[PDB]
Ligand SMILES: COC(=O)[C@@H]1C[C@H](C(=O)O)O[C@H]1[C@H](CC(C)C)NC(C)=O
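For reference, the chain that follows is the form deposited without this ligand, supplied as structure tokens.
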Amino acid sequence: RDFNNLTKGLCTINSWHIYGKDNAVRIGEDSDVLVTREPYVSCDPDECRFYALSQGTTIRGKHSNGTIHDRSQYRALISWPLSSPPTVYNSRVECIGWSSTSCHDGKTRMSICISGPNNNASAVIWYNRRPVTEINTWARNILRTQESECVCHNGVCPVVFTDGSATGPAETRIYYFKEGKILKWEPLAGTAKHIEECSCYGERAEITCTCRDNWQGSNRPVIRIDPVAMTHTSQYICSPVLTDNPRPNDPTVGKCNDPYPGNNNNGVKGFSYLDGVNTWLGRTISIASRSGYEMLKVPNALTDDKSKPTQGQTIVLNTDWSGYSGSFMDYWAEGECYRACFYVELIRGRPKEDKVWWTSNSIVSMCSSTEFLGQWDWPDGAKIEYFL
């Protein structure tokens, strides 16, 4: 086993095919399914798995009462087989905490969990299923990371952390890890004004992250990382197709180097693939809530402040709940190119569905096709009434 290198480009995305779906909430109505949130997907050379933050209780368990809360001593990063539900019996604990990332470098998996109270959180970096490095809070205000997979290049796996305010300037850092050890770190540069929950992918020795500007921006900050030189910049998606939520209506001209205003102190984890004409953005259909999800082909979104969709695909109807979304690819597939993939978290329960005392989610996940495939919509599928 050698370290993986990002030596391919993206395949052409002409549409998106179904990849994985767990139906966790449907199934959890009558079986031992952990309450989760902040899910993602990550591949090993021999396996792709579902990841999420457990709440340390089953949906039907009485301890699910209160699981709207993000941070407790009862959370862990868990992983489980693709399209199975996160059950008590089939889930593997990666590490303990309430904020996480994980990736495989071609030889083994790095996993990072942050735990602790708001003013005294710490990150523990696991490599090869053993803790190797720890990082203490630097700003004493909820140290936090991506909540989706990191990408590695020749052993170097960059990871974006934020510590500080969610509603004002914070301190963001890029850690460059190898075999669990800190090669290097830098404070955020470029023109992104606030960074949270970066969704990352890698192609051609470059790692692109689309993040969440929780403070001011309804366009998304991007961080472009060079994992060999261990340097980066940042900016925003220029496109007027705004991809945060909530958000104002799409203008005609976006902003490249500043937050697009109209919505403050809020947002959602999201992602894009930024590849010239082969550029697709994800967003919730609603501008007001986390419902619906669509992919839009927006040629040159990153660099073109007037760019609009030339093609699209519904993933989740606007009458269905969505949530977080992020990027992963199977870097170990055979072929000339990396096939873009993504997941959408389908949040159920609180605060939108408050007849139940819990909040959980299921997952849907899709990869790109070079065909023009017909679309379906992919809702969670559970009847809340069944839990009353």
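Position 1 is the first residue in the sequence shown; the rest follow in order.
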{"item": "Among modelled residues of the same chain, the CA temperature factor third for residue 63", "value": "lowest"}
{"item": "B-factor third for the C-alpha atom of residue 149 within its chain", "value": "lowest"}
{"item": "Chain-relative CA temperature factor third for residue 185", "value": "highest"}
{"item": "Residue 131 - Cα temperature factor, lowest/middle/highest third of chain", "value": "lowest"}
{"item": "Where the record places residue 52 (Cα B-factor, split into thirds across the chain)", "value": "lowest"}
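The form solved in complex with this ligand is left out here; the points below concern that form.
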item	value
Blocked or open, judged by overlaying this ligand from its pose in the deposited bound form and testing 2.4 Å from backbone or C-beta atoms	open
Partner-contacting position among 172, 99, 279, 199 - heavy atom within 4.5 Å of this ligand in the deposited bound form	99
Among the candidates 166, 82, 189, 256, the residue which, in the deposited bound form, approaches this ligand to within 4.5 Å (heavy atoms)	166
In the deposited bound form, segment of 230-238, 271-279, 136-144, 87-95 with a heavy atom within 4.5 Å of this ligand	136-144
This ligand contact in the deposited bound form: residue 38, any heavy atom under 4.5 Å	yes
Non-hydrogen atom contact residue 104 with this ligand in the deposited bound form at 4.5 angstroms	no
Residue 71, heavy atom within 4.5 angstroms of this ligand in the deposited bound form	yes
Non-hydrogen atom contact residue 193 with this ligand in the deposited bound form at 4.5 angstroms	no
Partner contacts in the deposited bound form for 75-89 (non-hydrogen atom within 4.5 angstroms of this ligand)	75
